[PDB]
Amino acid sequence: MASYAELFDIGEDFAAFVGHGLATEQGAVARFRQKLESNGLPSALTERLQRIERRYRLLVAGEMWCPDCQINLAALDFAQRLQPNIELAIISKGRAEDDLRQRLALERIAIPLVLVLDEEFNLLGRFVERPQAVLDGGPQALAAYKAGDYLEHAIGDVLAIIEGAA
């Protein structure tokens, strides 16, 4: 069983992950990123992000062909660019199936799977596939989600995990 430190160490950074995508997938990521960058974050979110003083690691299982990865990882990368204390490293879906599924008591790996770790690699919580507001909204919210209307929420969900951990 690889440690979280070992898995984080072999994960790719976001730029390298995007760089292995098909051009169409790279374009999708660029545009979700531009949407978040032009629309900006709500001031309360910017505040929450500014309060992160300790280092946190996001161990992510994801793939560039997955729309849910394109969307939510564009958002989480934006957060790491605004707050260097947060760092993402990305491993494959297959690797999460081989080395995380049983450890996490998951039936299958739905991507992106985002494990929020502290500086000691303690597991603080998880973001799984889509933000809570999208899960809550159901089928009728998918359209707005697939269009990027819940990018800030991916960031908010991860921040709540960090904030909830005292």
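Quick note: we count residues from 1 along the sequence shown, nothing fancier.
Stretches compared: 65-73, 120-128. Higher mean C-alpha B-factor in the entry: 120-128. The PDB entry reports B-factors from which the mean C-alpha value can be compared for 147-155 and 8-16; the larger average falls on 147-155. Taking the deposited Cα B-factors for 52, 114, 30, 133, the highest one is held by 52. Sort the modelled residues of the chain by CA B factor and residue 141 lands in the highest third. Split the chain's modelled residues into thirds by C-alpha temperature factor. Residue 59 is in the lowest one.
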